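In what follows, a single structure is set out as structure tokens and then discussed.
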Amino acid sequence: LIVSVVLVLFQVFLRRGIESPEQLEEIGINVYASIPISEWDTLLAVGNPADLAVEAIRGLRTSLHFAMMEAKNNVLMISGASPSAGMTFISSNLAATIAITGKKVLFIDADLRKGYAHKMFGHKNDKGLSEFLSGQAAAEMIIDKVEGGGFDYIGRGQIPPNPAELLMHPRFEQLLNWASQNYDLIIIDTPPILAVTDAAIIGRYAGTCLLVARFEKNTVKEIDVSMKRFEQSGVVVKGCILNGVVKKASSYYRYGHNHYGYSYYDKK
Amino acid sequence: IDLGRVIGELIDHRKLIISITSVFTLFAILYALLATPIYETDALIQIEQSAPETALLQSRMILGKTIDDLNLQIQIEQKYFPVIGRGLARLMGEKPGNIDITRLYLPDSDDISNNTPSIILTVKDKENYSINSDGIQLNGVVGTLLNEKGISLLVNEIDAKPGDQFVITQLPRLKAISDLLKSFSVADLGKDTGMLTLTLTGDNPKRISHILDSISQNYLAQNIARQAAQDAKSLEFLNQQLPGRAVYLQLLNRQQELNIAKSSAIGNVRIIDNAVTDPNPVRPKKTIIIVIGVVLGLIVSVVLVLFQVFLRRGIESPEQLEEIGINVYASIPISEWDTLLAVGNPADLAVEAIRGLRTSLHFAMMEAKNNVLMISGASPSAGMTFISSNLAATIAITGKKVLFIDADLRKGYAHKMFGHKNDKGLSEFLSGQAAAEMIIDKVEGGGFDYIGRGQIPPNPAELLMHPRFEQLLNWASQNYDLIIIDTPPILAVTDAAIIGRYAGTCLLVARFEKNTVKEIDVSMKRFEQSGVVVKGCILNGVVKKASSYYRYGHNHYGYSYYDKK
Amino acid sequence: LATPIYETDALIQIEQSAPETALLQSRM
Ligand SMILES: Nc1ncnc2c1ncn2[C@@H]1O[C@H](COP(=O)(O)OP(=O)(O)O)[C@@H](O)[C@H]1O
Ligand SMILES: Nc1ncnc2c1ncn2[C@@H]1O[C@H](COP(=O)(O)OP(=O)(O)O)[C@@H](O)[C@H]1O
Ligand SMILES: [Mg+2]
Ligand SMILES: [Mg+2]
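Chains as they are written, first to last, in the authors' numbering: chain A, 438 to 477, 494 to 721; chain B, 17 to 64, 85 to 279, 384 to 477, 494 to 721; chain C, 50 to 64, 85 to 97.
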């Protein structure tokens, strides 16, 4: 018992990751949603629409409809601090929950380094975003439809040797200006900002930018460093999305709320 | 400081801690294995008191009788040249050679200090041997005694292998007694009983049992004699007093009564147990030695880490610079990979951090007077030339015309890093012996032009004050989209404060652990005092550290993001 | 799994008993 207690006592005093959205909001970071871990190449919003994580993404969809108004354009960039924080999970599922509301959504996989959205949607891998930015593809040949989705998507294409320099091409702003007229919302999936600078280049042409914070993997200072690295490059991050929340009794006692969410269905 | 801080410091210094602890444990293990094992023999003595018998046992009278019986003044030691040769020879399974000497008379130098004469016996075979005291070689054979050169020696039963040497010392009788008395102890074990526990320690397990048996038997023979000594002295004077006749017969009755009393007077000492040696050595205690080696090595590793933590003053995170109000535009990690890093390894983690600086500058260099960017720093070898030359390479691939001016007229080596026609650099232009068109050169694997420093001038700070330098920048500011000027450090020389007058943007490069926060604050205020506004700082040479992750939330190193193929 | 270790005892009547203790534990 005393060994179990000192190990628990160490892990408690040593952990630095986020424990609740309150930690982010103490710094002045708007948390627009807290997405729980979905215990359930599929789209969660399509495979299990009644999932508890999809219900939390719908709450993000309605929170964005109020936050994305008064924006320059209908382009929403979703980035984050660290890789595997849930930027592709959230942006692709957020696009699926906004597509069922009857809106025309375009999901651009601007992760020209490790983007796999084409594998997640079913792909004609040729003529992605890379082939367009390098000039060897037209804007009409790169848009593809998600089968069980409801929104179009642009894959990353072949991994270029200069991903950050391709995104600086004036073609990228031409694609967004063209797509901003044929779609009600453009969601851009990007690499993490503390890894590469691609999101700071893309965030110049996005009217709204949201960061995805992983629940225990990311730190509050890690998300603050990310928001200030965007602002230093002229990108205004609207807020944050806490992802991967798990039910914890420590949050219920430290704060009043564990921020996990309730299940609400008629069991039949 | 808290738990996370100290644990991060222990994780960072884990190599130092492990190395120091392993060195201490290695020394402890080498001592525990190479130290000569010291055994202990014990015997049991019963007293019919025992407090005066203890002081009698440890007396030079009793102990001196043992030295004479066993010839303990003939010290023989196996010859091993190092202080560890004996221990390692025991580990190699080599049985220690022993020679039995029954007669030894050295020439007895008895000089100022060396009261213990010594010789060296080198075994030649099972029968004969050699002797060399001070170079005088003498051949001896087992059996036949040797009386030559004033050296008497009788060696019996050489039990060793040929080639082995032995140091044969003839130590004085008191030194032999003092050595025995030091290892010989007496106890009572009941504090009331007539039981005496005689213990004796030594490196030879068989010898110390023979010595403790001799001490017991000598004290046994001696003790019986002692009680008779009162009646023996009476008997001694009676024999001297043996010469009326009736009294002579009365003396004869006393004559035999003293003979019987002395003979039958054996008492007060019984030896319950004879000396046997405990085969397990009592010293060295290997477990307590190795355990102390671990614990001592850990507390030494901890205090050294505790000192280096409280003594270090360098920058640990960009947060330290931003607490003072210094904008940190990038944190460049150490590139573990005369080459340009942005060209040799474009996918490097440090080049990815410089690209983040390229985009941060595109937003910071707007609203500036001109397109000239000066990059300076506090201390030399902080990364000003590494960052400015690689920043120019990452801005050149974006299709911009970049000019890299190596305005380090003192120790500039950019021409060596780019491939050089070393003639006609910036010095030759400032001194008037070169045109602006003849000094610009193209970086081969680059994409930007560069102006080398040229020949090192005797007046570098006075050349930069020439109006030609502003003419070059005004000319280059029309033919290039960006001019990057590499400069010497400001806390070394004043060249950067002269150049910074004509640069629209100035950035300082801070080395990660080498520079201090006050060192960078002193640099920014030395620029402002000369009319140069430093836009911000670039932290260079960041390394992954767990202490930063616990002290601050972020280690500021950055993530690797590539598809592994 | 540890081997069980038993204990036997006896009672001795002595007509002192401090020198008798060291005599019992002697190698003789
Ligand atoms: N809230 C969540 N619930 C369940 N699975 C998640 C959640 N967030 C992420 N994941 C999963 O963890 C992985 C990481 O998501 P990903 O979009 O690839 O991260 P990022 O783009 O930020 O690097 C994905 O396979 C995703 O399905
Ligand atoms: N972040 C870094 N990663 C790897 N090497 C570096 C880094 N910064 C500097 N160096 C190397 O350390 C040396 C010092 O760089 P340098 O430009 O000569 O310093 P300065 O001009 O400030 O005196 C160079 O050889 C450089 O290649
Ligand atoms: Mg992604
Ligand atoms: Mg330099």
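By construction, the Cβ of each residue, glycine as well, lies at the ideal position given by its N, Cα and C atoms.
In this structure, how does DSSP classify B/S154 when only helix, strand and coil are distinguished?
strand
I believe B/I641 touches B/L663 by the beta-carbon criterion, under 8 Å. Please report the beta-carbon distance rounded to the nearest angstrom.
Rounded, the Cβ-Cβ distance is 11 Å, inconsistent with contact.
B/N671: CB within 8 Å of a non-hydrogen atom of ligand 2
no
Check distances from the C-beta atoms of the stretch 561-595 of chain A to those of chain B and list, in chain order, the residues that come in under 7 Å.
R566 and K567
Are B/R609 and B/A653 close, meaning C-beta to C-beta below 9 Å?
no
Taking C-beta pairs closer than 9 Å, name the residues in chain B that A/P623 reaches, listed in chain order.
By Cβ distance, chain B contributes nothing, its closest Cβ being about 10 Å from A/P623, past 9 Å.
Does the separation of the CB atoms of B/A549 and B/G603 fall below 9 Å?
yes
Suppose contacts are defined by Cβ-Cβ distances below 9 Å. Is B/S219 in contact with B/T237 by that definition?
yes
Segment contact flag, the stretch 415-427 of chain B with the stretch 227-247 of chain B, C-beta cutoff 8 Å, min 3 pairs
yes
Assuming B/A405 and B/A264 make a contact with CB atoms under 8 Å, what is their CB distance in whole Å?
4 Å
If you measure beta-carbon to beta-carbon, which residues of the stretch 19-32 of chain B are closer than 8 Å to chain A?
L19, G20 and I23
Just to confirm the assignment: which complete alpha helix (DSSP H) runs, minimum length 4, are found wholly within the stretch 547-627 of chain A?
570-574, 582-586, 592-595 and 616-619
According to the Cβ coordinates, are B/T661 and B/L529 closer than 9 Å?
yes
Inter-residue spacing [alpha-carbon to alpha-carbon] between A/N546 and A/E456:
23 Å
For B/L181, list the residues DSSP reports as bridge partners.
Bridge partners of B/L181: none, in fact.
With a 10 Å radius around its C-beta and 16 neighbouring C-beta atoms as the bar for buried, classify B/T495 as buried or exposed.
exposed
Buried or exposed for A/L620, please, with buried defined as at least 16 other CB atoms from any protein chain shown within 10 angstroms of its CB.
buried
First and last residue of the beta strand (DSSP E) that includes B/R30?
From DSSP, B/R30 is part of no beta strand (DSSP E) but of the alpha helix (DSSP H) over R30 to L50.
Please write down, chain order preserved, every residue whose beta carbon lies under 7 Å from a heavy atom of ligand 3.
A/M540, A/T541, A/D564, A/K567, A/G568, A/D642 and A/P644
9 Å is my cut-off, CB to CB: does C/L92 come that close to chain B?
yes
Ends of the alpha helix (DSSP H) at B/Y255?
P241 to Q277
Assign A/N696 to one of three DSSP states: helix, strand, or coil.
strand
Within 9 Å (strictly less), CB to CB, does A/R682 reach chain B?
yes
How many whole angstroms separate the CB atoms of B/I194 and B/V159, which I take to be in contact at a CB cut-off of 8 Å?
6 Å
I need the boundaries of the alpha helix (DSSP H) containing B/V449, first residue and last residue.
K426 to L451
Does any C-beta atom of chain B lie closer than 9 Å to the C-beta of A/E618?
yes
Taking the alpha-carbon positions, what's the A/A648 to A/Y658 distance?
20 Å
Suppose you measure from the CA of B/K670 to the CA of B/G601; what does that come to, to the nearest Å?
31 Å
Euclidean distance between Cα positions of A/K598 and A/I531:
20 Å
Shorter than 9 Å from the beta carbon of C/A87 to some beta carbon of chain B?
yes
What span of residues does the beta strand (DSSP E) with A/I640 cover, start to end?
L638 to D642
Could you give the DSSP three-state label for B/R126: helix, strand or coil?
helix
Proximal residues of chain A, C-beta to C-beta of B/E508 below 9 Å
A617, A648, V649 and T650
Tell me, please, whether the stretch 496-513 of chain B touches the stretch 699-709 of chain B by the rule of three or more beta-carbon pairs shorter than 8 Å.
no
Just by C-beta distance, which residues in the stretch 529-559 of chain B are closer than 9 Å to chain A?
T550, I553, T554 and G555
Using 9 Å as the limit for Cβ to Cβ distance, is B/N467 near chain A?
yes
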